[PDB]
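Chains here go by letter, A, B, C, D and E, matching the order in which they are written, and residues are numbered from 1 within each.
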Amino acid sequence: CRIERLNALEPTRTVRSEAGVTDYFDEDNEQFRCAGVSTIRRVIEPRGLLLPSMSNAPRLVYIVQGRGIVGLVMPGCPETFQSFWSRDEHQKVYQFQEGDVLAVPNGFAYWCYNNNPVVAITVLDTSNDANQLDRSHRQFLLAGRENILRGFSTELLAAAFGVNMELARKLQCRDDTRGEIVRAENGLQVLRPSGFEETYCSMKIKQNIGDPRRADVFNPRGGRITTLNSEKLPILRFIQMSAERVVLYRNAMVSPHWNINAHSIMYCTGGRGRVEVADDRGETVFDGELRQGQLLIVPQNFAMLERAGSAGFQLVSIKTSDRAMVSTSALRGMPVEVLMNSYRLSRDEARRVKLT
Amino acid sequence: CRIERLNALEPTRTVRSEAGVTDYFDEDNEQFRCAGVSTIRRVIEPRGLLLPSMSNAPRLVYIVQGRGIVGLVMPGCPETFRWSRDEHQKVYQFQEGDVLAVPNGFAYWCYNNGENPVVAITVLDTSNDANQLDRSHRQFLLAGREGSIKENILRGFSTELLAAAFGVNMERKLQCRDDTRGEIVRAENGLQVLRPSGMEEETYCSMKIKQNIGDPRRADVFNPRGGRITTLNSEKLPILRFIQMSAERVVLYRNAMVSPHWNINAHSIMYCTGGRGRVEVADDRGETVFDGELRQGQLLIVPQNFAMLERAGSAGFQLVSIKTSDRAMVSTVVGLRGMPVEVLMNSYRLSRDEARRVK
Amino acid sequence: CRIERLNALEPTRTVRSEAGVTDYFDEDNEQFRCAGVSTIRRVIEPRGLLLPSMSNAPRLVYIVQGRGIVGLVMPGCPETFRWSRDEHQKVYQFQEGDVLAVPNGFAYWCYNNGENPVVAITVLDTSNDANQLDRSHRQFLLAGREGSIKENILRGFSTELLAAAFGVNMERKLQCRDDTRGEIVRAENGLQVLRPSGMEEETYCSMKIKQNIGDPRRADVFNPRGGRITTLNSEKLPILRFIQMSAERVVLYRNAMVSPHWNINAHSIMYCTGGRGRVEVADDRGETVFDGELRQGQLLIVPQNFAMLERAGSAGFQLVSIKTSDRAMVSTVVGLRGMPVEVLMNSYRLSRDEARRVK
Amino acid sequence: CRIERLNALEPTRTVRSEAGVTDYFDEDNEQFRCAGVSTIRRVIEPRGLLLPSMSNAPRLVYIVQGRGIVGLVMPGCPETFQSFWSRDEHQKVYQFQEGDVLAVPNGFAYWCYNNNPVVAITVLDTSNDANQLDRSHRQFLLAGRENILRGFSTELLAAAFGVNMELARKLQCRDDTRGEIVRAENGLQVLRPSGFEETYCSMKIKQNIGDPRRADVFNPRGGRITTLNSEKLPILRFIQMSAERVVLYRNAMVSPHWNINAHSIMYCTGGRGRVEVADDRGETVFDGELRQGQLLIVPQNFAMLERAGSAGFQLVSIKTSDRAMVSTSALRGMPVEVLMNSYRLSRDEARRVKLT
Amino acid sequence: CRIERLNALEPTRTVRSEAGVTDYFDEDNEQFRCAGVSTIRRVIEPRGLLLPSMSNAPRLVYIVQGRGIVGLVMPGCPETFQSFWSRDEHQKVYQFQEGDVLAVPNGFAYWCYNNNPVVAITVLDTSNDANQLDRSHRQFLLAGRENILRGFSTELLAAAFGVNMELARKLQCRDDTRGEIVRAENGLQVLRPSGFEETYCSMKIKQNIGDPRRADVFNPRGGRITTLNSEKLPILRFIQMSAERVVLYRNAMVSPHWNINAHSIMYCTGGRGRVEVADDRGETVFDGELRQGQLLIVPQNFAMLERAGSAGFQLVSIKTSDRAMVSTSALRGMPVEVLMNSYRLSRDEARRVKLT
């Protein structure tokens, strides 16, 4: 993580699937490497069901496109969803929407069903604290392929489940050829409507950040930002990650800054803009136009600047700390002569600098 | 706090402002007293505007009906929201079934930006650790104001001072000396602020302050035969960690009933937004203490450890339950099922097959 | 809480159930009052069984004599304990000198599984932060029941409801309507549960709830000439962190004495399990407030900052000290030895050699 | 820590001693390596005294066999044990027993005296947080050999202690030839009976986990488990480790699972059983019988299964987090059609799966 | 960080400056390396102004010599210093003195002005938690050289600031040839006298540790010590570092010890003394006289001993934990026979050992 030049990123292992495609971003990129994370962009056109797995790294998922339904399983917590002995029982379900962020902790089983094609981006802190495995991404697929039970032998596994050895193989999903997402032919109904678990079991898991009616900052000529973090999502006090949704208009520029306490992982959901970034050397490492569908990793302490083109700049900042922070009004706080002497400015230029 | 009876309780005291009504449940009410809370139903016509005022108590507020804005400002946090507009702190756009968290000495203005009227029932913890002073509701009116009518604060300051204090001309306006429109006045030609629609760091500041809980797609339980339960606590909204109030929204489909239970860490303040339904409550000495039907628009406080039982009607039953701790909890009797079988047989003298019939 | 005298205090009120006696120390007792606690001695014959009941207060319980089970259940935690047996939550096997932590609105049943009778003296914090409501002991009787005798809770619920609530036939048993055996009934042909002997995730659930403190091999101090002190606080049992009670078991060999000291962060509730010994206590205005001998089976509350002095007898002295905070502390006068020497000479007008004689 | 195959482990440096033997487990094993710990099995037949040292890594010790007496020294804490100026004074002592767990934090001086031969196993989180030294095991022996004072010169050290230079050498233990444990010829009496320190100084240090009267889970046909962690041992909120004691009967099988938030370090104290373990690849990495006296490292997220032979399976799980967790009732919480579609099962097989 | 021998350290990259000189300590020294920090000794003779930068690592600065004035900028916090629209406004300023410690967190902008030549030493935990960049020292100079804005292009930057492209270049400080510190010709007045920010914004930042009227320990024949840490400086609960000021007189020796929970970074401000240090091997790694102006790194768990020469030994211990600790009264707490048998001592030598 001593970088000469910044690149913009695009998935480097695309894998196709029955109800989607998996565009992996490869992490051996020194950028990703220095970042210490992975991201995975993945699409599930309708009826599609992504196979419940669990990942090495705790993960944030932002729903780039559309409504849907996601499912996460928290051990020791009782299935609070029932009908009618029983017709069905299962965990709580979460019906997500266009622009929610989803927080998945390690060794936890997520899955979601495409209730337009759902598009959503996902990052995994491979350098997180509770990834006591290696510094990589390990999905432990429960189903499909092998899935985790592959290495479990039928002989043992039947009595584990307490049933025939025939049925067990059908859980090995050996001949399965549909990957992480599947077509749900005959649809897929889950029980939707229309005690210690009141606390630890029922803690919120996604937040809709794209709601411009939720913005944190906002200029009408023009832009907006909102921050997702532990002050808004309790689970986030724990994931050591936080989210930013910056939407800028025509010729908007964000007050320059550097991230005090995190890297920043910039993915453009739309609009176009040049981004300029310089390192501690002062020399410029990055400088380029960013457009829809594109990834820039912008790290810690380094200095960043952006303005949208004539079409806009809609994006999503993921960072590596429970409340990541930028320092913009960085110079508006020094005494002016400090500015003067540090630059060789008269007063007026010092004051002009501080006051626009 | 040794009360003998529970009764459906209602705004004993009501006052229309100019753009809405305030429906005051009693303060020194035995229940409320031992409850250690104060509460209110407020209503706001469209265009109607609730006065700025900070309250002694942590306003947890529930927007039953209507939509709009509420503006809370966190002084010391930089206002975050040329042709024609000003600046000010971020403002908050509520909806039906929203929960709103307003602390103490925190300020909040409220405006009805369209549609129908807005009604929010409020709960104020008048005995919180933060409630210094005494156990009433103190509402420090920033603005405005037969019998004893309040005033805003600035009338308690001399003009020259005030004038000298603010550098505005010494020509009264601010004491709100003539006004009468109440804590809810109206903004006839609309009110515009800095809102998103167009079209064509902060840490302790960015915190969320509202969380929609009326939404069905959110409920945590579905179904205790047969409604749904949505539960707000610090595990969903991090401010509660400091307010030490919790919230339940609970819609019971017809015929239904919620399991017998008692609030471990909690007094419960429950009220009927709608539907029609029964509640049965008891105490230590064995006898019940509430055998009566709760209809919409009626308040009932269910206390700690008191075991309680409800049952919906055919028009359903839809209550809202606000509780007194950041993570308030109840014990689902059924959740009993943890005592050993002989422990069930010896206590009540039943044979085994009875024991399991309950477990 | 300006009390003038301390006296050895005893169960003013006693009641035999059917399988044991309850020995009630007063509630509104000045001491107890300003102490902000309630307490009890309970006794249980073999086979005897304490009723399920949750208490308003955090039951810290001390098993002086006997062994057995206590079953606490943490609702929401999955019961963790075919031919012939049921299921239920894990149960807890106590012994002499055990400390038992039972919260509020927490349920606990207690059974004497052999040997001699069992006697546990209980301390209930009736003014905890968790004690919502008022400052008495409220015991919510799950089961069973001249003057005002309590009942269990379910009698406060109508049958059909109840019946409809539970899906059991409408044929009374559960209100405990005829019963009389008291909160301690007996299980004549034994009681069997799911215990280990044979032979041939949970986080907030797995927490420990008891910790043996009577064991000598545990004491922390040996010896202040000449007994031993074992000390239970959140640094040994993590629940206390939430109960905010602490515990001292202190066996004084004959002739001995414990250093003069006062409870910093603590009221002390001390009681004589055995032995024979003296206690001297004082306050602010200088004069003593307890000059008297404490024999076995007698309670004395030693308050905060009050400085205290004890001395064993020849039959020894063996007390148990339960205190009111998760980490309650005392100041060993000797631990004085930190004031500078001249600071000792000027205060009491002594020459240096006196000063050091104390230090 | 990208493993192809799991092995079962056996100490790799056995060193003999006057009152015992030290069977070290060598940590350059990629398993141990990926684990990031060390373990040391060590025996002290009676009268034996193990030399007070301090270790790099904070350590958990489980007393496999027998009662005894252990001693730990907490700086700044006053010797609360006295007699009679004085005859003796010293720290509190802890008389341990068959099956206690002992928690030793870093840079802290433990020692114990064999009051049957005492057998006890010890693990050291070499990757812990406060091991700011290298990623290895460093015992800093106070006595014996050299011991820590070896490099201290007599000339300086005497006046340090404030005594003759003759006596100092006898603390160098130069000619000492008895290692970490010693025979206590003339026995060894320590004062046993038969204020800010009431808190920070007196926090409990061992727990008896083997007490089947302490089990957390229990089936009478048959098995039991108990968990030792910060909810039972306060010190454990700090050591970033927790303990599990699983005892299974005839043909008992533990509900499969993976450790969410830790590795698991399986040592068999008795009984025999096959253990089956598979990685994220699904492929099987482990599969083998485990018997008394044997070590298996089972990591994070990976999936494990075991049943005892006809003789039993008694063991002790040490894991690397203050409250390590497994996720078993992992599938009993998905909605059934999820299971169906993820495996291609009708309902009945889905429901049979969930309900046995 | 497996060391054979300890060296004493002296800056290895000295760089000269208009109002000072920068004597860098180079961290690729395995000592520094194993330490995982950097230190920088830097002088600012009067009128001098060191350029506001921000460093990779959070930093402690101890003012070896003289009074002065330091300035630190905390984003989101309003300039609480004003005059008179406005004549000047800026952050709070801190007028430091001979022997204060200064705590600078990452991605935060410090600077100070020489109000005798000011001398002060600075350490940077390069291995800290929120240095998510590499394991090195990155100063991000705001001004001077390039400074952070170098890589920012004039074209963009003017409208960023909202002003001419002429003035912007003068912020690039391209032709600047005065480095990190500058002469303040025409002096440098800053507004000195003679709400959520009452808490998070106003938390103390320096403490005067050299005040012998502040010592923690003290023998009049002779020595003194004081500890600076989170019990005295709240910010220090966060920096994961703490400070010790040991002053010893004629022939003073400090009670031997090892640091339980940190390394120790010894810099001599004066006086002279031999220091003796041994590793876990027992063998001696260090042994040498330390004099004014000299650095010794003394790590974790290792054992240390020092006495002053006839001139004294004044120094400053910086360590890597919010409340670093030493264990001295390490043997005064074992039972005596333990000592006896562990060394082969009679009673008297055991008791003599414990009682002097």
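Quick note on the criterion: a residue touches a chain if its C-beta (ideal position, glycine included) is under 8 Å from a C-beta of that chain, and two chains touch if they have at least 3 such contacts.
Each chain and its UniProt protein: A, B, C, D, E = Cocosin 1.
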| said: By that same contact rule, can you tell me which chains touch subunit C and subunit E alike? | reply: A, B, D
| Comparing C-D against B-E, which pair counts more contacting C-beta pairs? | C-D
| query | Per the centroid of Cα atoms for each chain, what is the distance between subunit A and subunit B, given in Å? | reply | 34
| note | Whole-angstrom distance, CA centroid of subunit B to CA centroid of subunit D, is 51
| In whole angstrom, how far does the Cα centroid of subunit A sit from the Cα centroid of subunit E? | 38
| Touching two or more other chains, which residues of subunit C qualify? | 74-77, 81, 85, 194, 201-204
| query | All pairs of touching chains? | reply | A-B, A-C, A-D, A-E, B-C, B-E, C-D, D-E
| task | Could you please specify the touching residues of subunit D with respect to subunit A in the complex? | result | 1-2, 34, 36, 253, 256, 258-263, 274, 276-285, 287, 299-303, 305, 307, 320-321, 325-338, 341-345, 349, 352-353, 356
| request: Mind listing the subunit B positions that touch subunit A in their complex? | output: 80-81, 85, 90, 93, 194-198, 201-204, 206-208, 211, 216-217, 219-223, 228, 231, 233-238, 327-332, 335
| field | Residues on subunit A engaged by subunit D in the complex (per definition of touch) | value | 49, 51-52, 54, 56, 71, 73, 75-77, 79, 81, 88, 90-91, 93, 106-109, 111, 113, 130, 132-134, 136, 138-153, 156-157, 159-163, 167, 170-171, 173, 176, 182, 184, 188-191
| field | In the complex, subunit E residues that touch subunit B | value | 75-76, 78, 195-198, 200-201
